[PDB]
Amino acid sequence: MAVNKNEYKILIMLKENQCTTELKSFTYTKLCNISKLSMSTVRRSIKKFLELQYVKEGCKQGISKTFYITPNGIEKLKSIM
């Protein structure tokens, strides 16, 4: 019942990195350093995590999009605190 390490790795970085709130949206290139996995793999895992409801999107107004983590994802993190 523990979450798989390879894809959930993204959702582990912010668990201990405190990037866990709707107001703040994380960028792919900041995640690409801390997550130890390249910019394609983090774009693909975030595309899956929309279907899990863990992650949610922001708009582009000149600057590119960004994605915040929902309270529904933090509840999974409390299970493995």
Collect residues whose amide H, placed 1.01 Å from N in the peptide plane, falls under 5 Å from the amide H of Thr66; neighbours closer than 5 in sequence don't count. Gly58
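Hey, what number do you get for the chain at 222 nm if only DSSP H runs of n ≥ 4 count, each worth -39500 (n - 2.57), divided across all residues, to the nearest 500?
Details: 4 runs with 43 residues, N = 81.
Dividing the helical sum by the residues of the chain leaves -16000 deg cm²/dmol.
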Cα atoms only, the stretch 8-80: Rg and Dmax in Å? 11.6, 39
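What does the net charge come to around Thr70 if you take all other residues with beta carbon closer than 10 Å to its beta carbon, with K and R at +1 and D and E at -1? Intermediate values should be presented prior to the final figure.
Working: positive: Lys56; negative: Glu22, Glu75.
Residues near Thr70 contribute -1 overall.
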Once normalised by the length of the chain, the mean sequence separation of its alpha carbon contacts under 8 Å that are 6 or more apart gives a contact order in percent of 33
TM-like helix rule applied to the chain (DSSP H, alpha carbon span at least 15 Å on the long axis, mean Kyte-Doolittle at least -1.0) gives 5-17, 39-52
Within straight cross-link reach of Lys47, meaning Cα distance under 16 Å, which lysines are found once same-chain residues fewer than 8 apart are removed? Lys9, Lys56, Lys65
Show me the trypsin sites (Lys or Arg not before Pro) within the stretch 18-81 that DSSP assigns to loop and that have at most 15 other Cβ atoms within 10 Å of their Cβ. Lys24, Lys36, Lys60, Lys65
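Readers should treat all values here as calculations from the given coordinates under stated rules, not as data from a laboratory. Backbone-built Cβ (ideal geometry, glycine too); neighbour counts: all protein chains shown.
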